[PDB]
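Asker: Sharing an experimental structure here, sequence included.
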Amino acid sequence: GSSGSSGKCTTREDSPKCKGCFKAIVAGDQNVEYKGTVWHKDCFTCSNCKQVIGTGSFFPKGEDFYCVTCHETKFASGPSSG
Ligand SMILES: [Zn+2]
Ligand SMILES: [Zn+2]
């Protein structure tokens, strides 16, 4: 997929770096930090529908992230015939 998984970490970092865009993230800005990593309120997207979730509630799965809805219809119950 992507040939470039070399460490070569940096001396130090005083800011939460992003994973989607790979751009340093700040506080004032709306983002989603989970277990360290942090995705900009706009970067944080779904894995199924692929829709910017952002601050909005979500459901992180094994090597993926399902937004509330997706998880609401995927796992959680719901009226199929509305
Ligand atoms: Zn980002
Ligand atoms: Zn979704």
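Answerer: Received it, and whenever you're ready, just let me know what you need. Numbers count the residues shown, from 1 in each chain. Ligands and ions are numbered 1, 2, ... in the order given.
Asker: What is the neighbour count of residue 46?
Answerer: Per other CB atoms under 10 Å, the neighbour tally for residue 46 reads 19. (C-beta placed from N, C-alpha, C; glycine too.)
Asker: buried residues in stretch 40-55?
Answerer: 40-41, 43-47, 53-54 (16 or more other CB atoms under 10 Å).
Asker: which of those are close to ligand 1?
Answerer: 40, 43 (CB under 5 Å from the ion).
Asker: of all the buried residues of stretch 40-55, which comes closest to residue 21?
Answerer: residue 43 (5.5 Å; CB to CB).
Asker: what about the closest one, distance to residue 53?
Answerer: According to CB to CB, to the nearest Å, residue 43 stands 10 Å off from residue 53.
Asker: now swap in residue 82 and tell me
Answerer: Relative to residue 53, and taking CB to CB, residue 82 is found at 23 Å.
Asker: and if you look at residue 69?
Answerer: With CB to CB as the criterion, residue 69 and residue 53 are 9 Å apart.
Asker: how long is stretch 51-71 from one end to the other?
Answerer: Stretch 51-71 has its terminal residues 13 Å apart, counting by CA to CA, to the nearest Å.
Asker: Please identify the buried residues of it?
Answerer: Going by 16+ other CB under 10 Å, stretch 51-71 has these buried residues: 53-54, 58-59, 65-67, 69-71.
Asker: Give me the contacts around stretch 11-30.
Answerer: Outside stretch 11-30, the residues that touch it by CB atoms under 8 Å, 6 or more residues apart in numbering are 31, 33, 37-41, 43-45, 54-55.
Asker: want to try JSON lines for those residues, with secondary structure as columns?
Answerer: Formatted as JSON lines, the contacts of stretch 11-30 follow (DSSP: H, G, I helix; E, B strand; the rest coil):
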{"residue": "31", "secondary structure": "strand"}
{"residue": "33", "secondary structure": "strand"}
{"residue": "37", "secondary structure": "coil"}
{"residue": "38", "secondary structure": "strand"}
{"residue": "39", "secondary structure": "strand"}
{"residue": "40", "secondary structure": "strand"}
{"residue": "41", "secondary structure": "coil"}
{"residue": "43", "secondary structure": "coil"}
{"residue": "44", "secondary structure": "coil"}
{"residue": "45", "secondary structure": "coil"}
{"residue": "54", "secondary structure": "coil"}
{"residue": "55", "secondary structure": "coil"}
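Asker: Fine by me, we can end here.
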